[PDB]
Amino acid sequence: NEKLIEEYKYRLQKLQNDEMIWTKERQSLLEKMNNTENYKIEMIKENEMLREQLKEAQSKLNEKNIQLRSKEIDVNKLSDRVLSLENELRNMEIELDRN
Amino acid sequence: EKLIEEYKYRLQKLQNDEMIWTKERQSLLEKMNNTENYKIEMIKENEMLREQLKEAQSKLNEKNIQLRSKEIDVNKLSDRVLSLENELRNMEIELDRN
């Protein structure tokens, strides 16, 4: 049965050679799956950084609007003062020409 | 004879592993496609957040101009009040001289 045993050993050798091939290409897929995952983690890390910067940008956006309405009241208070002083300046100028 | 049956079972085992690997390889590729889709979704979320920040920063910068412009506007009115208070005393001097 020398020929029969040889045929078995030749086909066992081929499949045991393929055992290494499957192990090689699964290592390659594991390496590729890790790279895709590590890039995904990097994207999420940047997304959390962008979310925090967006929260800060909206926090300053609100604070500037509080500062804008504060200066708007300052405009309103001074403009009312300007008109009041101009009316008083008019009154003195009327009293001056009277004398 | 018992030797041949051992070779036959061993060959059948390795032929089964080859067929099962074909399913395992397909399973890894389906898992690779899913991970790629999550990455794609993360990239889409990254560009969305960048455009939202770019709009927020441009909206913040214009209000920095508006606030510093109102700063000058307040100063103009503040100096106008002091000018009218100065004119009133000059009028008070002219009134007292009569």
# chains A, B, ... in the order shown; residues from 1 in each chain; ligands from 1
$ interface_residues --of "chain B" --to "chain A" --cutoff "9 Å" --atoms "only C-alpha atoms" --output "number ranges by chain"
B: 3-4, 7-8, 10-11, 14-15, 17-18, 21, 25, 28-29, 31-32, 35-36, 38-40, 42-43, 45-46, 49-50, 52-53, 56-57, 59-60, 63-64, 66-67, 70-71, 73-74, 77-78, 80-81, 84-85, 87-88, 91-92, 94-95, 98
$ atom_distance --atom1 "atom CA of residue A:45" --atom2 "atom CA of residue B:27"
28.4 Å
$ atom_distance --atom1 "atom CA of residue A:27" --atom2 "atom CA of residue B:12"
25.1 Å
